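Need a 3D model of the following:
(one chain, ligands or ions: 1)
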Amino acid sequence: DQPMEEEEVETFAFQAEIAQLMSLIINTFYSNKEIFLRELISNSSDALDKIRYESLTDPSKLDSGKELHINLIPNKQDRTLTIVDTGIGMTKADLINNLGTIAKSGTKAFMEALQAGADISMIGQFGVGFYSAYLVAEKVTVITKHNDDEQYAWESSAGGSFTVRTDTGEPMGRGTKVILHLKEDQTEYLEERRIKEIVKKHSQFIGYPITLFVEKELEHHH
Ligand SMILES: COc1cc(-c2nc(C)nc3[nH]cc(C#N)c23)c(Cl)cc1Cl
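Numbers count the residues shown, from 1 in each chain. For reference, the structure is listed below:
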């Protein structure tokens, strides 16, 4: 009897300082947790800047999709908030290198800044704004697709490790999805009014379309 599907999953340890940062963030009380969304939208914008730049000299970079935009997708039934972009995306090595195993100077520097009295909202200036996701999320899943490459899924609940595997669910043309599985007391970020006010307040200068898709699984059809 054959399995419908089978795939290899790799588990990697976070570099020490990244593990420390994630513990501080996911565990500590902060009054301004809404900044996570700003940080994630900012990273999407950067990724969109990148594919756009590459396409300037090689238009075929956009064969996997010309539209450059950001989508925000609250799903109250799954208790997830997903941010999707059609940016450059990442290779498997990119995921492993850039989301856990190699620490930049900004990781330690940021924690030093916080100890010296800085605010968590500054996190983006240290290049680690992604991890601010764990202010509101207990688990984060990153689905990503780069040109000429397969679709991969990265995931961590911040236990000091993350997994990587091939994603065969729903094929993306190109880009990245960051799926936040929200903490039970952070479900306000699934509400339309909350998402809208946070984007209005913090992402006014993002130069790409940002579009809300309110997701609901229709009855008897989950
Ligand atoms: C600079 O540091 C990071 C960047 C990205 C990232 N990279 C690319 C190519 N696209 C993205 N879209 C949304 C993202 C987010 N968040 C994102 C991630 Cl997932 C983690 C880190 Cl630590």
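
So which residues of the protein form helices?
For the chain, helices defined by DSSP state H occupy the ranges 16-27, 35-55, 92-96, 105-115, 192-202.

tell me the most buried of the ones you listed?
helix 35-55 (a mean of 20; mean count of other CB atoms under 10 Å). Every C-beta, even on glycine, is put in place using the N, C-alpha and C of the backbone.

Show me which residues of the protein sit near the ligand.
Within the chain, the positions adjacent to the ligand are 40, 43-44, 47, 85, 87-90, 98-99, 127-128, 130, 142, 176, 178 by CB under 6 Å from any ligand atom.

Who is the residue nearest in space to the middle of the chain paired with across the strands?
Nearest residue to the geometric centre of the chain (CA atoms, centre = their mean): residue 178, 3.3 Å. According to DSSP bridges, the partner residues bridging residue 178 are residue 83, residue 142.

start at 828 instead
Will do, 828 is the new start, and the previous item becomes residue 1005.

so what's it up against?
Residues near residue 1005 by CB atoms under 8 Å, 6 or more residues apart in numbering: 867, 909, 910, 911, 957, 960, 967, 968, 969.

Could you pick out the buried ones from those?
867, 909, 910, 911, 957, 960, 967, 968, 969 (16 or more other CB atoms under 10 Å).

Among these, which one lies nearest to residue 1012?
Of all the buried ones among the contacts of residue 1005, residue 960 has the smallest distance to residue 1012: 15.6 Å, by CB to CB.

so what's the residue nearest to that closest one when sequence neighbours are not counted up against?
What sits nearest to residue 960 in space, not counting adjacent residues and going by CB to CB, 6 or more residues apart in numbering, is residue 967, at 5.0 Å. If you count contacts by CB under 8 Å, 6+ apart, residue 967 has them with 960, 961, 982, 983, 1005, 1006, 1007, 1008.

okay if I get those residues as a markdown table plus distance to residue 880?
Shown next, in a markdown table, are these (distance: CB to CB, whole Å):
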| residue | distance to residue 880 |
| --- | --- |
| 960 | 25 |
| 961 | 30 |
| 982 | 29 |
| 983 | 29 |
| 1005 | 21 |
| 1006 | 26 |
| 1007 | 28 |
| 1008 | 32 |
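
wait, which of these is closest to the ligand?
Using CB to the nearest ligand atom, residue 1005 comes nearest to the ligand of the contacts of residue 967, at 5.1 Å.

on that earlier part again, going by distance to residue 947, which of the buried ones among the contacts of residue 1005 wins?
For the buried ones among the contacts of residue 1005, the nearest to residue 947 is residue 960 (12.4 Å; CB to CB).

Pull up the gap between that closest one and residue 1004, please.
Remark: distance between residue 960 and residue 1004 (CB to CB, to the nearest Å) = 12 Å.

Also residue 916?
If you measure residue 916 against residue 1004 using CB to CB, the figure is 10 Å.

Comparing those two, which residue is more hemmed in?
Using other CB atoms under 10 Å as the criterion, residue 916 and residue 1004 rank with residue 916 on top: 26 against 22.

Can you name the residues that contact the more buried one?
Residue 916 makes contact with 874, 878, 971, 972, 973, 974, 976, 999, 1001, 1002, 1003, according to CB under 8 Å, 6+ apart.

what do you get for residue 1041?
By CB under 8 Å, 6+ apart, residue 1041 lies in contact with 900, 901, 1019.

Repeat that for residue 947.
852, 857, 859, 862, 941, 959, 962.
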